[PDB]
Every structure is written in structure tokens, then in C-alpha cells.
Amino acid sequence: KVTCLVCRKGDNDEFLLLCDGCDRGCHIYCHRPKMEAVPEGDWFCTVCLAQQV
Ligand SMILES: [K+]
Ligand SMILES: [Zn+2]
Ligand SMILES: [Zn+2]
């Protein structure tokens, strides 16, 4: 179900970041700036960042 925002594939799911604000995702290797690992705690996608104040 989860696909990457940048490349639109849902493969290599161990490399797939999952947004804590919605159901969107992103391969760590697709992200810019460089992300060498899935972080702990919370990651927010760009659509969620746009809802912050
Ligand atoms: K939300
Ligand atoms: Zn990707
Ligand atoms: Zn999100």
C-alpha cells in the first residue's frame, strides 16, 4: 500500500520512510538532502510539513 513520493515504487520496503502525519512514504535513497538511515522517532512528509504552524 505505501509508495514513495519521489519515485512512486513501493519496493525495498526496509528503506521506506513512513510519514507519522499521514500514510505517505519515501525511500531514504530518494530523499534529498541525503538520508542514510530510517530515523527513529518521527518523520514528516512535505504535505504534513505544509500543515504546521
Ligand atoms: K496530520
Ligand atoms: Zn523512491
Ligand atoms: Zn505526511
Side-chain angles (χ1 to χ4, degrees), residues 2-53:
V2 177
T3 55
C4 172
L5 284 169
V6 176
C7 80
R8 300 176 157 208
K9 307 177 147 175
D11 61 355
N12 295 321
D13 66 11
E14 305 93 339
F15 292 85
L16 199 46
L17 300 155
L18 315 169
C19 180
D20 293 300
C22 68
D23 70 336
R24 286 174 183 87
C26 185
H27 294 114
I28 62 170
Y29 48 85
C30 295
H31 201 273
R32 296 294 182 279
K34 185 180 76 209
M35 191 181 280
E36 55 187 11
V38 174
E40 275 147 28
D42 294 337
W43 178 78
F44 299 99
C45 80
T46 44
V47 180
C48 294
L49 289 172
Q51 297 294 116
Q52 296 182 167
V53 298

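The residues of the chain are indexed from 1 along the displayed sequence. Just so you know, these numbers use all the heavy atoms, side chains as well, and skip hydrogens, waters and symmetry mates.
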Contacts of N12 that satisfy side chain to side chain contact (heavy atoms under 4.5 Å, CB included) - sequence neighbours left out:
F15, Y29

Beyond-backbone contact of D23 with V2, side-chain heavy atoms, under 4.5 angstrom
no

Would you name the heavy atoms of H27 and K9 that are closest together and state the gap between them?
CE1-O, 3.5 Å

Residues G10 and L16: closest non-hydrogen pair is O-CD2, 4.2 Å

For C26 and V6, which heavy atoms make the closest approach, and how far apart are they?
SG-CG2, 4.0 Å

Within-4.5 Å side-chain heavy-atom neighbours: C45 and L5
yes

Would you give the length of the straight line joining atom CD1 of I28 to atom SG of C4, rounded to the nearest 0.5 angstrom?
11.0 Å

What's the spacing between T3 OG1 and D11 CG if we round to 0.5 Å?
10.5 Å

Looking only at heavy atoms, the pair that brings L17 and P39 closest together is CD2-CD, 3.3 Å

side-chain hydrogen bond (donor to acceptor under 3.5 Å, both in side chains) pairs, two or more places apart, involving residues 37-53:
none

Within-4.5 Å side-chain heavy-atom neighbours: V38 and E14
no

